[PDB]
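Scroll down for the structure; my scribbles are underneath it.
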Amino acid sequence: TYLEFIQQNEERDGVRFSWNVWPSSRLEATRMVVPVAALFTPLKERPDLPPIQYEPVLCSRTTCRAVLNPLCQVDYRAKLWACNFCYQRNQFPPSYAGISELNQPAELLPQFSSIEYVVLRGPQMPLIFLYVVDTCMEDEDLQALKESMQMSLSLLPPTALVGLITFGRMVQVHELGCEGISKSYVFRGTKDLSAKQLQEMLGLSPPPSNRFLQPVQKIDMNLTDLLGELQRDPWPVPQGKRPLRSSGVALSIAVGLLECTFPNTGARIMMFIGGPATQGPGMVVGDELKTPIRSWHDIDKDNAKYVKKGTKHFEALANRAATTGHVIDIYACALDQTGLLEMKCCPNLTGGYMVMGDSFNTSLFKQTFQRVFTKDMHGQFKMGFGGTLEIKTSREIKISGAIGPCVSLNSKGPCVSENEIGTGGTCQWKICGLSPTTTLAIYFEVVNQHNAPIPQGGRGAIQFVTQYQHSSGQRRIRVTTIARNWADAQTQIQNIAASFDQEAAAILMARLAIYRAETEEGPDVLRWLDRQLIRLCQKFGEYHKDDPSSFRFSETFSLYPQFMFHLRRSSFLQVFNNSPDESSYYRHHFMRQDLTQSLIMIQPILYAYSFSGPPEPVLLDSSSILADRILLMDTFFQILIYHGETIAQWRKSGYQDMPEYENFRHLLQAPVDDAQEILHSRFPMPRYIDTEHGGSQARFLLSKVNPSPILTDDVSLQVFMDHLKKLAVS
Ligand SMILES: [Zn+2]
């Protein structure tokens, strides 16, 4: 089964390919409109497998150096292995001399196609956490933020190094390790500062001691008291004015601080803001409340003064922190926009988190901020730091590029395609921050000539190697080797077509579309998206020419156009009903999510709970809203519960509470158990809504159903389908 294949290979290798059978011909690979691409989760949580306590064995050929993997043929008589990539014959290290067919090392076993090594790379390093805190907010929000930060301090490893940079109109860099007296350097939040500047201005260069960054359990009590001591920015806010907030200067100081003290090691720069930057480089809006912040209309009509300048400021800091190996988080809670559009590149490129909300004094934020510090079954943070991702391919496949939370390392080589996609031109990327959630999209190109024979073994291989700093300080190397069969398209079209993963392809094409819209500022992303959908219909559909009623799709393709119908009208591509900060927020989380959550984002799921049936997903239509059943809707960003008319009065009357009807008792608790399960797992925490037929709060449900570029923009899926069928049969 291909369903069973897709599911097993993601659970084991954390990979979802657009096509699980690849065409031998580079010419026919183009003719299949969706490229050979994969969603890749490098740290896919794998509790069944143990960590391997020795060094990976590497192919001795200089131009290759691939890791020993289960696809390598082994001469158990001669104690040699042949690399599946370059066919070099390699000897095993003398530790393996007792290798045999029935007693082979872990890396050769098919259960370890995905494997993690624990290696020794010199001195261990403690985790670093730099809190950059906005103090231009109300005392309630500031006090609530103080609790969450004190709480996070209690969870950090005892050896972890912490530091505090507070800022309002001024930027104050605090000094730790000093007890009985505390110093602080104060900067104007009006001028920018470089690394070499800050080093000389702060005078920088077996228990270790740095002035600005100190161990947690060693200076634990002084800081948690200080966070409670922290009060508002003392400057008064005049009439109709916004506080002078200089977040861009504080971030530049925070980035430059770690840059010339602890470069090239794990560090989180966590910026908390309760409003937009109003002063200094990186400013998003003036201090006059008379002038509104932003809108997609203002920037479109070129009426946004501070957008282009401020964006360049944060882009410069993002590439400095990514080059240094540092993570930048942004926790923004305010009643209005905070500048996420101009700041998105800092978490987007370093793998840092982006969190939205109305205030810090909400359940939503407090629960989200502690999910950041979720520990695994061994008591260690689920965070990884300074990940280097190297990909190696068979000589018939080249790498077009990657799309997701990463930065290119500019590693050229034979596997790198000349035609680039996303973050391309390299076979290595840096990912400063990652978790078992982090999912990149890698795009490949079949290079084998059209009339060339099928490659040697009949299957193409791809190896993913991820070296990262574990949250325990250990150096880990995660290796995943996959293989898919080559196919002669001239004789095996149905084999290729049957291996199509429509869910993976839809998301893989979505990342292309969103990257092309958000980056490079494409004007007609939909016209590309519509054209590719029509070709896929013309290629893999069944029809008689000029007969739209004849058109049909097999089960392997039938869901793809519906995905495209919701994608092209979703908030990731149509932004003019959200604020620029909101649009950047949705795209930030989509670009780093697995397949399951990505499908939920593009096409929200609607489960119906009715008698005489288990919970069944139903069409996102007003027709699904029936009186007999209770429906759950997941939007990823939000969860909603809705009860029909007849069920609404049953519950208020209390038949649930009757000892007669245990029948109704479990029907109104089943979706709440299911909703609460998604609540306490997803990151960030989604906002939750429970409503009924009266539905004062049920407006978002109806706004997601029946809500009101060659293909039609009509809201009715059928009208979109009948137009797609018409064009596919031309
Ligand atoms: Zn090799």
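Convention: chains lettered A, B, ... in structure tokens order; per-chain residue numbering from 1; ligands numbered from 1 as shown.
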Env. residues ligand 1 / 7 Å / only C-alpha atoms and all ligand atoms / as a list in words: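 Final answer, ordered by chain and number: residues 59, 60, 61, 64, 65, 66, 83, 84, 85, 86, 87 and 88 of chain A.
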Contact check, range 99-172 of chain A to range 13-29 of chain A, at most 10 Å, counting only C-alpha atoms, closest pairs as JSON lines:
```
{"residue": "A:111", "atom": "CA", "partner": "A:13", "partner_atom": "CA", "distance": 9.9}
{"residue": "A:112", "atom": "CA", "partner": "A:13", "partner_atom": "CA", "distance": 9.2}
{"residue": "A:113", "atom": "CA", "partner": "A:13", "partner_atom": "CA", "distance": 7.0}
{"residue": "A:114", "atom": "CA", "partner": "A:13", "partner_atom": "CA", "distance": 5.5}
{"residue": "A:115", "atom": "CA", "partner": "A:13", "partner_atom": "CA", "distance": 9.0}
```
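Around residue 294 in chain A, within 12 Å and counting only C-alpha atoms, the residues found are residues 276, 284, 285, 286, 300, 301, 302, 303, 304, 305, 306, 307, 336, 337, 338, 339, 340, 341, 342, 576, 578, 579, 580, 581 and 582 of chain A, once anything fewer than 6 positions away on its own chain is removed.
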Can you tell me, as a compact mmCIF listing (two decimals) with N, CA, C and O atoms, in the first residue's frame, what residues are no more than 8 Å from residue 242 in chain A when counting only C-alpha atoms, ignoring any on the same chain fewer than 4 positions away?
```txt
# COMPACT_ATOMS: atom_id res chain seq x y z
N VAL A 237 4.44 59.54 29.32
CA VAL A 237 3.90 59.55 27.97
C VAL A 237 2.93 60.72 27.86
O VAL A 237 1.89 60.72 28.54
N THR A 278 9.46 52.90 18.22
CA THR A 278 9.14 54.27 17.84
C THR A 278 10.36 55.19 17.77
O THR A 278 10.22 56.34 17.34
N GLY A 286 5.90 56.44 14.07
CA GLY A 286 6.20 57.60 14.86
C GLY A 286 5.55 57.53 16.24
O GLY A 286 4.83 56.60 16.58
N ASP A 287 5.82 58.56 17.04
CA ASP A 287 5.30 58.63 18.39
C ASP A 287 3.93 59.29 18.47
O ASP A 287 3.37 59.39 19.57
N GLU A 288 3.38 59.75 17.35
CA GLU A 288 2.07 60.39 17.34
C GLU A 288 1.00 59.33 17.11
O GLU A 288 0.98 58.66 16.07
N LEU A 289 0.09 59.20 18.08
CA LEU A 289 -1.07 58.32 17.91
C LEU A 289 -1.97 58.79 16.77
O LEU A 289 -2.78 58.00 16.28
```
query: When distances are computed from only C-alpha atoms, which of A:197, A:190, A:466, A:456 shows the smallest separation from residue 250 in chain A?
result: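 Of A:197, A:190, A:466, A:456, the one nearest residue 250 in chain A, counting only C-alpha atoms, is A:190.
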field: Top pick for closest residue to residue 343 in chain A, considering A:283, A:599, A:153, A:377 and counting only C-alpha atoms
entry: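 Of A:283, A:599, A:153, A:377, the one nearest residue 343 in chain A, counting only C-alpha atoms, is A:283.
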query: What residues in range 235-313 of chain A get the DSSP label strand (DSSP E)? Please answer as number ranges by chain.
result: A: 267-273
field: Expected answer as a PyMOL selection string: alpha helix (DSSP H) residues in range 436-550 of chain A
entry: chain A and resi 493-498+502-518+525-540
task: Select, from A:267, A:258, A:171, A:504, the residue with the minimum atom-to-atom distance to residue 442 in chain A, counting only C-alpha atoms.
output: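 The shortest atom-to-atom distance to residue 442 in chain A comes from A:504.
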